[PDB]
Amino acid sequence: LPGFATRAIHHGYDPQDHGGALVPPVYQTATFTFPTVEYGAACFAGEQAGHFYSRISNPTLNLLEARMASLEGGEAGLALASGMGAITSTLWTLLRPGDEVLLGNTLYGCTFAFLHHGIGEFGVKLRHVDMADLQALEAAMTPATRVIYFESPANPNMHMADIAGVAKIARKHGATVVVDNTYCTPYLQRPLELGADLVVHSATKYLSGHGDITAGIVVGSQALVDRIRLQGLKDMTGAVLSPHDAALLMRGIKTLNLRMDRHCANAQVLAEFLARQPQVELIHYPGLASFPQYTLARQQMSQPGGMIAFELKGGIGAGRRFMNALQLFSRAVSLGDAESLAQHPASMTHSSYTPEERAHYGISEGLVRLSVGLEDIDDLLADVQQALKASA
């Protein structure tokens, strides 16, 4: 098997099958035609191949898919118009009313919304567990329980779950495990190899790596992905990825290894820096010894990630000011671009709410999140340094 970046650059494509084009051409085209009609017949049946319409299949998309399936080690892949396109398409297909789904204690906000105000409102039962508490997960299992869905690492503190510990419990009761692997990418973590059934990415972030597209990827077994292709996508969301945008994603995937390597080194220096600063009460970075799941981290992820969460002594007012002072970093929700981003949920994403509500939904007053980019490290240090002083 070739190495990750050989595959992130070659897998699935031989130049010869398309006139020697080194870069595969872009199929920007809604429909495909048929030479006869019996031949058309046998593509709403599936013995001939060739795809029929761009909301089901497309070679540009199919290559993005095969390529991502190889990076995750899984059998098939599906591309969609966004992360949420991947998450919603997934669950709409796998769940019906009366099914229970078991959710990690904290989720990407729009995931939480899709659950508690979306599919949750159509007779599907929700329950939150701490996926790190294998005792407590077991306890919470039922036979109605059809799905376990978490992010590891998860917002806000980078709380991790033992993926293989969780698969074991799923194997025993007969439930399907879906891991949102956005933060890590296949380059760092690979849940299917630890017994997860599906993985979902917002390809909008690290995979594209250049903040210019919105996209998502499902990877798993042919059997399940085919279901998601043919029900969740075709019929239930219509989250279709543009062939233009899929080729952009494929282009940013060629440098994934190189970018992630730099994301993780930058982050580490920045983490170690932050821990030594007076204005900081708590830091959450997977690559610190101080991280409470440090061992689990090293076991499951090959590097500690580009993301840092940390908490400012003077609370929400101290984070308002830290955030306003940033000159090189940008204020934006989102992550995994070459440009360094930061957000202070207390006074951005979650503003009106007063403090108990913030805690109740697990969000500290002074908590900042950084997506550490590909900039020069002394430059980032300096922007953060001065912004810490401004926090006072």
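Residue positions are given as counts along the sequence shown, with the first one as 1.
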Q: Decide, for the other PDB entries of this protein that were compared, whether residue 292 is missing from at least a third of their models.
A: yes
Q: Output yes if residue 49 is unmodelled in at least a third of the other compared entries of this protein, no if it is modelled in all of them.
A: yes
**Q.** Between the two ranges 17-25 and 369-377, the one averaging a larger CA B factor in the entry
**A.** 17-25
Q: Give the stretch, out of 105-113 and 76-84, with the larger mean C-alpha temperature factor in the deposited entry.
A: 105-113
(Q) Given 143, 286, 191, 278, identify the residue with the highest C-alpha B factor in the PDB entry. (A) 143
Q. Of the choices 60, 70, 31, 330, which one's C-alpha carries the largest B-factor in the record?
A. 31
Q.
Splitting the chain's C-alpha B-factors into thirds, which one does residue 226 fall into?
A. lowest
Q) Considering only modelled residues of the same chain, in which third does the CA B-factor of residue 42 rank: lowest, middle or highest? A) highest
Q. In terms of the chain's CA B-factor thirds, is residue 151 lowest, middle or highest?
A. middle
Q. Can you tell me which third, lowest, middle or highest, the CA B-factor of residue 356 falls into for its chain?
A. highest
Q) By the record's CA B-factor, is residue 259 among the lowest, middle or highest third of residues in the chain? A) lowest
